[PDB]
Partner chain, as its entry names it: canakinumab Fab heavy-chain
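Next up: a single chain in structure tokens, the form deposited without its partner chain.
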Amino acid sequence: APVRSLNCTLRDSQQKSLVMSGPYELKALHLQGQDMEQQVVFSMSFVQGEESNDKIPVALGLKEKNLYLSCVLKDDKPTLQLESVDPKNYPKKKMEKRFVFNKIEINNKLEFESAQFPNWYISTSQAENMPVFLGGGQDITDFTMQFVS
């Protein structure tokens, strides 16, 4: 059938919200009140890949944008980018591996591991207004997920 998707937001375990940082980056900052409209709404797609009770393969697209989080090599290490795709072809059930995250439930939170790069996770900094990155400590790898209409 058609790939299944849900709209959602993510916050890090320090309750920082994610926002756009120019066209191909996200940043995390403390947001409350009217400013919470700046937060990115994801379309989380449930994709093909290796699955267990608490390991669920997803893609993270920006709602109604042909942009996906992807894990791509740079300076010889796994890194997080926003990548444009053909809007005719996405989302799809068989997403390419660079777009796949294992959504893992650990102690009432979520971690998003790169399917491509084992043990590299979507991360934030403790400081305000710094990029979201891929991290292999002080950095934050746990999130909560709010399901949106």
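Positions refer to the first chain, counted from 1. Rigid core: the largest C-alpha set superposing within 1.5 Å between the two forms.
Segment of greater CA departure in 8 other deposited structures of this protein, 118-126 or 105-113, core superposed: Clearly, after the core fit, the stretch farther away in 8 other deposited structures of this protein is 105-113.
What stretch shows more C-alpha movement in 8 other deposited structures of this protein relative to this form, 79-87 or 49-57, after the core is superposed? The more displaced stretch in 8 other deposited structures of this protein turns out to be 49-57.
Mind giving me a quick count class for deposited residues absent from the model between residue 136 and residue 137? Options are none, 1 to 3, 4 to 9, 10 or more. The entry leaves 1 to 3 residues without coordinates here.
According to the deposited model, is the average Cα temperature factor higher in 46-54 or in 107-115? Higher mean C-alpha B-factor in the PDB entry: 46-54.
Greater mean Cα temperature factor according to the PDB record, 21-29 or 7-15: Stretch with the higher mean C-alpha B-factor: 21-29.
At the C-alpha atoms, which of 70, 124, 34, 66 reaches the highest B-factor in this entry? Of the options given, 34 has the highest CA B-factor in the PDB entry.
Going by the entry, which third of its chain does the Cα temperature factor of residue 144 land in? Its C-alpha B-factor belongs to the lowest third of this chain's values.
Ranking the modelled residues of this chain by C-alpha B-factor as given in the entry, is residue 38 in the lowest, middle or highest third? Highest third - that is where residue 38 ends up once the chain's C-alpha B-factors are sorted.
There is also a form solved in complex with its partner chain; it is not shown, and the following applies to it.
How about residue 123: is it within 4.5 Å of its partner chain in the deposited complex, going by heavy atoms? Flag for residue 123 set to no.
Do any residues of 9-38 have a non-hydrogen atom within 4.5 angstroms of its partner chain in the deposited complex? If so, which ones, in sequence order? The stretch 9-38, when checked against its partner chain in the deposited complex, contributes 19, 20, 21, 22, 23, 27, 29, 31, 32, 34, 35, 37, 38 at the 4.5 Å heavy-atom cut-off.
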